[PDB]
Amino acid sequence: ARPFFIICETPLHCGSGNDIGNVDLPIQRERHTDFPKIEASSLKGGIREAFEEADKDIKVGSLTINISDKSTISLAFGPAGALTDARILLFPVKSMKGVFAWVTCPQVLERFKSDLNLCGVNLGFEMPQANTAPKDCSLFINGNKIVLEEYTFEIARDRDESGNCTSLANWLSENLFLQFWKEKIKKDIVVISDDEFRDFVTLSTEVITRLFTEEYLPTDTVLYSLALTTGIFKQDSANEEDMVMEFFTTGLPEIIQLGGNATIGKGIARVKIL
Amino acid sequence: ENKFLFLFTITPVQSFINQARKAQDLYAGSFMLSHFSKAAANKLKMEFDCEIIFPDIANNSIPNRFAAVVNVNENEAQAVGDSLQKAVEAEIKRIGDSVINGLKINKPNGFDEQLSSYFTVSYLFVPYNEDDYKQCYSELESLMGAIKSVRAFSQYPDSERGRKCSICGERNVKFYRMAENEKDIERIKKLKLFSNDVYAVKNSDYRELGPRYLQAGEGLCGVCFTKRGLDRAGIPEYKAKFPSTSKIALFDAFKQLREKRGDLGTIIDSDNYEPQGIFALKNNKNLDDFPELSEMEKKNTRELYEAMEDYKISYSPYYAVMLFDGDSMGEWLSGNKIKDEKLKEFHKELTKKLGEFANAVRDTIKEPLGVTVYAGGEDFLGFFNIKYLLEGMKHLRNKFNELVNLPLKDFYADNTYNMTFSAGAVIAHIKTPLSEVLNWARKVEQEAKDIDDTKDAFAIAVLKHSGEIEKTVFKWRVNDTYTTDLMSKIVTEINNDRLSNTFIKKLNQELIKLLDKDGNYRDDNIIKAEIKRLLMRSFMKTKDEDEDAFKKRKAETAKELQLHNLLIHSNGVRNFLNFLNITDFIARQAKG
Amino acid sequence: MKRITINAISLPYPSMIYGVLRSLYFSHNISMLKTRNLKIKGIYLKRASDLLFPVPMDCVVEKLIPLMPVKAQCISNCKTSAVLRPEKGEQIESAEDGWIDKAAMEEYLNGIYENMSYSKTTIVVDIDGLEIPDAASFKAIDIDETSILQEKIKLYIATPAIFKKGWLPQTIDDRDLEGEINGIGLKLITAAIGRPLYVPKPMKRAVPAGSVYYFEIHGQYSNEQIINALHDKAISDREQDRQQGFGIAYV
Amino acid sequence: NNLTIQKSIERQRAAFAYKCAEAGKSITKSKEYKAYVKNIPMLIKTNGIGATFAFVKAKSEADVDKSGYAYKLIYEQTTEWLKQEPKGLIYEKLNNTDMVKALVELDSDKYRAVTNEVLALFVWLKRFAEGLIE
Ligand SMILES: [Zn+2]
């Protein structure tokens with residue numbers, strides 16, 4: 001399989017139906033932890049919509065065709081294809097120094113390490129412990145304290161680059177981006193305690209009141225997913241999954257549209273393959 | 001010995017009734033169970049010598065179980081049970097045979113093997129020594145509750161190979177209708193049904209079977225079919241036309257229209273218009289989805305829609321399912337809370353009073369209020385239009401208290417006791433499949449009984465689109481005032497443009513940030529001040545009122561809602577927030 | 001005895017496990033084209049490091065109370081000649097979805113029912129006679145003989161079973177509840193069965209995980225003969241079904 | 001279980017704000033205090049915390065019956081909060097100097113943290129003052 005990490009460019013809003021709470025158009029959430037997620041029935045639909053609309057020529061296996069081929073898309077992935085649910089890995093929160101800081105709990109990092117190991121990736125460093133920050137962090141006022149939103153946290157910086165937090169930051173910077181965002185992500189990555197993480201992702205989501213209130217995910221969010229593999233490209237035979245995954249990786253465009261309200265520019269995202 | 005007690009029962013009660021897709025199916029299932037019970041009872045009463053204890057057979061909907069005081073020689077006793085079992089089995093077989101023949105359709109194969117293994121009978125005599133009713137009843141009930149543990153069933157035959165039914169998932173489809181997918185084919189039996197003998201018809205060919213008895217690719221078992229074609233079963237009592245779930249939500253609009261037009265009534269009661277259609281035309285759609293008679297049927301539906309749009313009669317797409325069962329019935333009937341030597345009389349008195357209450361409940365609940373699927377003894381189950389839910393709940397509780405509890409006060413061991421019941425209502429969108437609504441309603445009803453050892457509480461819930469619910473649990477009385485009374489008062493104030501609902505959203509936003517993980521903010525002063533401030537801010541001034549009287553209404557109204565008392569007795573803060581949210585939702589789904 | 005350990009409220013029936021295990025084998029040996037030695041010997045569902053057993057229905061309720069057998073003095077239509085009854089009268093509500101002492105249940109099997117406190121997520125399986133890749137995620141390990149250590153004895157049912165008559169061993173005869181299941185004879189005296197489950201293939205009715213059967217030693221058998229002829233041994237009616245793993249029984 | 005740090009601070013802000021509102025209502029000119037507590041956030045927005053609190057100090061009146069006593073009470077109350085709320089950012093200075101003097105010898109980051117802290121306190125102080133005083 002192949003981990004492909006989605007990053008948002010404009011606020012993303014997937015319809016979750018209706019509610020009798022405060023927000024009148026919430027976003028889909030995990031059924032038992034309230035972490036946001038994107039339904040596969042929408043991710044795959046959007047990717048197919050991108051494919052059915054794109055037009056270019058790729059080279060897979062031996063021959064060469066154009067991804068607009070109705071048969072190719074109809075067979076490879078869906079009319080039932082040889083080719084999960086979206087998960088949240090980073091989240092932005094306002095800070096007094098640095099404008100914004102990314103925060104992730106140890107539980108999400110453990111889930112991430114579990115998810116990657118199927119693909120064979122071996123990070124090689126133990127995930128960072130809770131309440132830690134990189135060596136060159138720029139969010140610290142008075143040394144031992146950071147102020148996210150209007151609250152104060154206590155965090156200890158990693159003395160040397162050998163530590164877990166610095167290694168995770170470096171690996172994320174290198175793998176996640178193919179310059180400013182790369183330079184920043186290696187410095188501003190905080191790891192708050194698990195319990196405090198749930199509060200941010202529940203009471204820190206944009207709510208634009210157009211009378212009723214909608215809800216969107218903040219821009220600059222980082223999400224990850226898994227894509228696994230198992231006529232025009234029939235070839236001698238499908239050598240393991242090397243055919244379908246090759247087609248998928250070759251064809252994946254750089255900009256995709258997800259969620260509703262797309263007529264007013266919402267829901268644009270960037271797709272990259274690990 | 002020569003004197004014996006008795007207790008008859010039919011096993012499948014909840015699951016069997018739950019397996020329904022249309023309200024007609026649920027009504028038919030309840031009716032079938034009641035009919036078998038009454039058949040057994042009538043056979044016993046009119047042949048041997050005996051007197052019934054629990055259910056007054058004269059009632060309309062007897063429960064699944066009943067007792068009696070039968071006197072016979074012990075040697076012959078075992079025979080009677082066999083007679084009753086045989087009679088009930090024969091009645092079931094007869095009803096099935098009548099249902100198949102009613103439509104004059106050649107019977108498929110496998111019916112006799114899918115209708116004669118889906119029920120159970122049981123009974124447990126006990127010696128009676130006419131000196132301690134308590135001991136004999138306790139022994140009988142314990143033995144009856146233990147005997148049911150030995151569930152014996154017969155395995156399905158090897159012929160079982162099918163595609164289920166879209167109602168059950170445990171039987172072979174013995175019916176079908178050919179959808180639009182294929183114009184016509186015998187391959188449907190070959191591939192789609194994967195079976196040999198399931199009689200089917202073509203989507204275009206509707207002569208033998210009318211629309212009511214199937215739709216699209218709707219599979220049905222033997223029982224599912226028997227439970228829908230009962231209109232031709234030939235039983236006089238059955239009501240031929242039963243309102244559907246969609247129709248119930250239209251109870252108010254039709255009533256409002258009739259007061260303005262007279263001629264329109266003739267079609268309204270004719271049952272000649274598709275009920276779910278008018279909802280489609282509301283959402284800017286065409287009638288091509290549902291093929292109909294077209295003998296001006298679509299014309300009549302369009303006329304009704306145009307008339308209702310013209311008269312400005314707004315209707316909502318939500319309905320409500322409410323059920324309630326008496327609490328602590330086992331202790332009450334067991335004599336643990338009755339005078340030392342007056343249980344035998346108390347049984348008959350309570351049975352008579354419960355029969356009277358059942359008749360009263362049947363009489364009061366009618367259109368446009370709702371329909372009573374079945375109401376007998378303590379139990380109950382019906383549909384309510386969302387614009388009359390609270391009035392109905394209060395009326396039922398008050399009538400129960402006035403007709404069953406207070407009259408029996410003399411028998412109670414201590415005058416401070418009371419006999420009450422808990423209730424649970426779940427709102428849902430008409431599009432939602434009915435089985436999930438019923439199961440959720442049962443769950444909320446069973447949960448509301450767990451508020452405290454005293455019970456005497458009710459629960460309301462809303463079934464969201466995703467599939468989760470938000471509930472509120474409250475006592476029936478909060479300092480000599482029904483809680484539903486306060487809910488109705490708030491709803492009426494909000495609907496009449498006299499109090500904006502901005503004091504619910506603001507309060508939700510403000511008090512969420514202080515709630516712990518489970519939810520308990522235990523500082524009274526802060527919350528009381530917040531409630532007072534926001535409520536007094538929320539009021540509005542009517543164009544008729546002056547600038548001097550407004551300061552009197554603004555103060556008197558806040559003394560009626562009694563928000564502080566609701567908060568004190570709310571057993572939590574998130575419960576109070578959910579209570580307010582559900583009140584706002586109900587107020588929204590009404591006209592306002 | 002390679003006991004797999006899969007990762008993600010009801011533990012699926014053994015029928016689904018067979019299909020998943022078989023399907024994985026073919027995905028790596030596509031040339032095989034047109035498995036017969038695959039036999040299951042138990043399915044467990046532990047969300048906790050200790051394996052978890054279902055709560056037997058013979059025990060009724062925060063704590064559990066033990067039932068006892070008593071020949072009734074009533075006239076009824078029950079098939080069994082005896083029925084369970086609590087020793088002392090009280091409010092008896094049968095536990096539903098209860099999970100027996102995750103490891104202390106052995107005391108329950110052994111007869112030590114002192115305090116079966118129990119609650120009011122990964123799957124495990126037992127395999128043999130096949131080789132599969134060493135790695136819903138799943139993993140494969142090895143083990144030698146590990147299992148639940150063991151004139152009448154009960155018979156737990158830790159996995160759904162599919163009999164022939166429906167609720168009694170095919171050897172057992174309805175005439176007098178007499179027969180011999182898997183050589184070791186017996187006679188039926190009582191039972192406690194939960195709501196049957198329904199489970200191309202032909203649907204069947206299954207005894208739920210938690211059923212308890214009571215029997216009496218039919219004849220003269222060696223303690224070893226009986227002690228090993230049933231314990232952890234799949235008890236069913238059809239040999240084909242026995243392989244699939246229907247009827248995991250304890251003694 | 002223990003409460004998240006995101007709420008252990010709000011549960012303190014609200015309590016302190018309510019106590020301050022009651023203490024204000026106690027005095028003989030509660031109306032003036034209620035009026036004054038509704039202007040400081042706007043002044044902070046328009047000018048800045050240092051100038052706002054210098055001006056507040058300017059109008060302080062010694063006697064407890066004078067219309068300006070409210071400003072002195074506000075000075076003292078907002079001095080108490082800054083000792084505890086920032087968790088030691090500006091505690092070391094207030095111990096031996098007037099608050100305004102300290103509030104002009106800080107860098108930019110401490111200045112912005114103190115500004116946010118004061119605005120967060122006042123959003124609750126004025127919220128309770130609007131209620132408990134009519
Ligand atoms: Zn069915």
# chains A, B, ... in the order shown; residues from 1 in each chain; ligands from 1
call {"tool": "residues_around", "arguments": {"residues": "residue 128 of chain A", "least_positions_apart": "6", "cutoff": "12 Å", "atoms": "only C-alpha atoms", "output": "PDB file with N, CA, C and O atoms, in the first residue's frame"}}
result
ATOM      1  N   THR A 104      -0.138  17.820  18.162  1.00  0.00           N
ATOM      2  CA  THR A 104      -0.565  16.443  17.959  1.00  0.00           C
ATOM      3  C   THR A 104      -0.317  15.642  19.229  1.00  0.00           C
ATOM      4  O   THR A 104       0.736  15.777  19.854  1.00  0.00           O
ATOM      5  N   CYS A 105      -1.286  14.803  19.602  1.00  0.00           N
ATOM      6  CA  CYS A 105      -1.181  14.010  20.818  1.00  0.00           C
ATOM      7  C   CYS A 105      -0.414  12.712  20.577  1.00  0.00           C
ATOM      8  O   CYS A 105      -0.329  12.228  19.445  1.00  0.00           O
ATOM      9  N   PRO A 106       0.160  12.116  21.631  1.00  0.00           N
ATOM     10  CA  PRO A 106       0.883  10.843  21.443  1.00  0.00           C
ATOM     11  C   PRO A 106       0.024   9.726  20.871  1.00  0.00           C
ATOM     12  O   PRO A 106       0.544   8.863  20.151  1.00  0.00           O
ATOM     13  N   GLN A 107      -1.273   9.705  21.182  1.00  0.00           N
ATOM     14  CA  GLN A 107      -2.142   8.657  20.654  1.00  0.00           C
ATOM     15  C   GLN A 107      -2.174   8.684  19.131  1.00  0.00           C
ATOM     16  O   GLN A 107      -2.119   7.632  18.480  1.00  0.00           O
ATOM     17  N   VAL A 108      -2.269   9.878  18.545  1.00  0.00           N
ATOM     18  CA  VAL A 108      -2.317   9.981  17.091  1.00  0.00           C
ATOM     19  C   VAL A 108      -0.996   9.529  16.483  1.00  0.00           C
ATOM     20  O   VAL A 108      -0.973   8.896  15.424  1.00  0.00           O
ATOM     21  N   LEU A 109       0.123   9.833  17.141  1.00  0.00           N
ATOM     22  CA  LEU A 109       1.413   9.379  16.635  1.00  0.00           C
ATOM     23  C   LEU A 109       1.532   7.860  16.701  1.00  0.00           C
ATOM     24  O   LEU A 109       2.112   7.238  15.804  1.00  0.00           O
ATOM     25  N   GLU A 110       1.002   7.244  17.762  1.00  0.00           N
ATOM     26  CA  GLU A 110       1.016   5.786  17.836  1.00  0.00           C
ATOM     27  C   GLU A 110       0.160   5.171  16.736  1.00  0.00           C
ATOM     28  O   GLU A 110       0.569   4.201  16.085  1.00  0.00           O
ATOM     29  N   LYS A 113       2.216   5.414  13.550  1.00  0.00           N
ATOM     30  CA  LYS A 113       3.258   4.399  13.442  1.00  0.00           C
ATOM     31  C   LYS A 113       2.659   3.040  13.118  1.00  0.00           C
ATOM     32  O   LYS A 113       3.230   2.273  12.334  1.00  0.00           O
ATOM     33  N   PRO A 134      10.501  20.668  19.756  1.00  0.00           N
ATOM     34  CA  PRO A 134      11.794  20.560  19.072  1.00  0.00           C
ATOM     35  C   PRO A 134      12.872  21.408  19.731  1.00  0.00           C
ATOM     36  O   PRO A 134      12.627  22.197  20.645  1.00  0.00           O
ATOM     37  N   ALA A 156       9.071  21.227  27.867  1.00  0.00           N
ATOM     38  CA  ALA A 156      10.524  21.157  27.931  1.00  0.00           C
ATOM     39  C   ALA A 156      11.085  20.898  26.539  1.00  0.00           C
ATOM     40  O   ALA A 156      10.671  19.950  25.864  1.00  0.00           O
ATOM     41  N   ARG A 157      12.023  21.741  26.117  1.00  0.00           N
ATOM     42  CA  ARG A 157      12.646  21.606  24.808  1.00  0.00           C
ATOM     43  C   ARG A 157      13.680  20.487  24.813  1.00  0.00           C
ATOM     44  O   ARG A 157      14.320  20.208  25.830  1.00  0.00           O
ATOM     45  N   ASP A 158      13.841  19.848  23.658  1.00  0.00           N
ATOM     46  CA  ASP A 158      14.823  18.783  23.512  1.00  0.00           C
ATOM     47  C   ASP A 158      16.218  19.384  23.397  1.00  0.00           C
ATOM     48  O   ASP A 158      16.471  20.229  22.533  1.00  0.00           O
ATOM     49  N   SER A 162      19.353  14.591  18.773  1.00  0.00           N
ATOM     50  CA  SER A 162      19.140  13.149  18.836  1.00  0.00           C
ATOM     51  C   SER A 162      17.743  12.803  19.335  1.00  0.00           C
ATOM     52  O   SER A 162      17.221  11.732  19.010  1.00  0.00           O
ATOM     53  N   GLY A 163      17.125  13.686  20.115  1.00  0.00           N
ATOM     54  CA  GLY A 163      15.860  13.383  20.757  1.00  0.00           C
ATOM     55  C   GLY A 163      14.777  12.938  19.798  1.00  0.00           C
ATOM     56  O   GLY A 163      14.970  12.944  18.580  1.00  0.00           O
ATOM     57  N   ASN A 164      13.625  12.543  20.342  1.00  0.00           N
ATOM     58  CA  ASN A 164      12.544  12.050  19.497  1.00  0.00           C
ATOM     59  C   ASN A 164      11.860  13.183  18.743  1.00  0.00           C
ATOM     60  O   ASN A 164      11.559  13.050  17.549  1.00  0.00           O
ATOM     61  N   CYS A 165      11.596  14.303  19.420  1.00  0.00           N
ATOM     62  CA  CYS A 165      10.830  15.379  18.798  1.00  0.00           C
ATOM     63  C   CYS A 165      11.557  15.955  17.590  1.00  0.00           C
ATOM     64  O   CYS A 165      10.946  16.181  16.538  1.00  0.00           O
ATOM     65  N   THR A 166      12.861  16.205  17.719  1.00  0.00           N
ATOM     66  CA  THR A 166      13.612  16.770  16.603  1.00  0.00           C
ATOM     67  C   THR A 166      13.641  15.812  15.419  1.00  0.00           C
ATOM     68  O   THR A 166      13.503  16.235  14.266  1.00  0.00           O
ATOM     69  N   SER A 167      13.834  14.518  15.681  1.00  0.00           N
ATOM     70  CA  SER A 167      13.857  13.547  14.594  1.00  0.00           C
ATOM     71  C   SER A 167      12.509  13.481  13.891  1.00  0.00           C
ATOM     72  O   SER A 167      12.443  13.434  12.656  1.00  0.00           O
ATOM     73  N   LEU A 168      11.419  13.477  14.662  1.00  0.00           N
ATOM     74  CA  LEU A 168      10.095  13.472  14.050  1.00  0.00           C
ATOM     75  C   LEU A 168       9.881  14.721  13.208  1.00  0.00           C
ATOM     76  O   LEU A 168       9.343  14.646  12.097  1.00  0.00           O
ATOM     77  N   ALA A 169      10.298  15.881  13.717  1.00  0.00           N
ATOM     78  CA  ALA A 169      10.130  17.114  12.959  1.00  0.00           C
ATOM     79  C   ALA A 169      10.914  17.067  11.655  1.00  0.00           C
ATOM     80  O   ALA A 169      10.400  17.450  10.597  1.00  0.00           O
ATOM     81  N   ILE A 189       6.382  22.231  16.048  1.00  0.00           N
ATOM     82  CA  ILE A 189       5.556  21.041  16.236  1.00  0.00           C
ATOM     83  C   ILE A 189       5.536  20.753  17.731  1.00  0.00           C
ATOM     84  O   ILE A 189       6.533  20.284  18.287  1.00  0.00           O
ATOM     85  N   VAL A 190       4.417  21.035  18.378  1.00  0.00           N
ATOM     86  CA  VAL A 190       4.243  20.756  19.797  1.00  0.00           C
ATOM     87  C   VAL A 190       3.438  19.476  19.944  1.00  0.00           C
ATOM     88  O   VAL A 190       2.644  19.112  19.069  1.00  0.00           O
ATOM     89  N   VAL A 191       3.649  18.777  21.056  1.00  0.00           N
ATOM     90  CA  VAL A 191       2.954  17.530  21.362  1.00  0.00           C
ATOM     91  C   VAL A 191       2.314  17.691  22.735  1.00  0.00           C
ATOM     92  O   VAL A 191       2.969  17.488  23.763  1.00  0.00           O
ATOM     93  N   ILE A 192       1.032  18.051  22.758  1.00  0.00           N
ATOM     94  CA  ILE A 192       0.304  18.274  24.002  1.00  0.00           C
ATOM     95  C   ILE A 192      -0.164  16.937  24.555  1.00  0.00           C
ATOM     96  O   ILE A 192      -0.141  15.920  23.854  1.00  0.00           O
ATOM     97  N   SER A 193      -0.591  16.927  25.815  1.00  0.00           N
ATOM     98  CA  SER A 193      -1.140  15.718  26.411  1.00  0.00           C
ATOM     99  C   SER A 193      -2.443  15.333  25.723  1.00  0.00           C
ATOM    100  O   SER A 193      -3.141  16.172  25.148  1.00  0.00           O
TER     101      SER A 193
END
call {"tool": "residues_near_ligand", "arguments": {"ligand": "ligand 1", "cutoff": "10 Å", "atoms": "only C-alpha atoms and all ligand atoms", "output": "count of residues only"}}
result
22
call {"tool": "residues_around", "arguments": {"residues": "residue 10 of chain A", "least_positions_apart": "6", "cutoff": "6 Å", "atoms": "only C-alpha atoms", "output": "number ranges by chain"}}
result
A: 219, 266-268
call {"tool": "residues_around", "arguments": {"residues": "residue 246 of chain A", "least_positions_apart": "6", "cutoff": "10 Å", "atoms": "only C-alpha atoms", "output": "compact mmCIF listing (two decimals) with N, CA, C and O atoms, in the first residue's frame"}}
result
# COMPACT_ATOMS: atom_id res chain seq x y z
N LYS A 59 2.54 6.51 -18.69
CA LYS A 59 3.15 5.26 -19.12
C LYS A 59 3.15 4.29 -17.94
O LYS A 59 3.88 4.50 -16.97
N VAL A 60 2.34 3.24 -18.03
CA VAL A 60 2.24 2.21 -17.01
C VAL A 60 2.55 0.87 -17.66
O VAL A 60 2.03 0.56 -18.74
N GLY A 61 3.40 0.08 -17.01
CA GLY A 61 3.77 -1.21 -17.55
C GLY A 61 4.53 -1.09 -18.86
O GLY A 61 5.70 -0.71 -18.86
N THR A 229 -3.22 -1.89 -2.84
CA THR A 229 -3.40 -2.47 -4.16
C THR A 229 -3.33 -3.98 -4.09
O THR A 229 -2.66 -4.55 -3.22
call {"tool": "interface_residues", "arguments": {"of": "chain A", "to": "chain B", "cutoff": "10 Å", "atoms": "only C-alpha atoms", "output": "PyMOL selection string"}}
result
chain A and resi 16-23+28+31+195+199+203
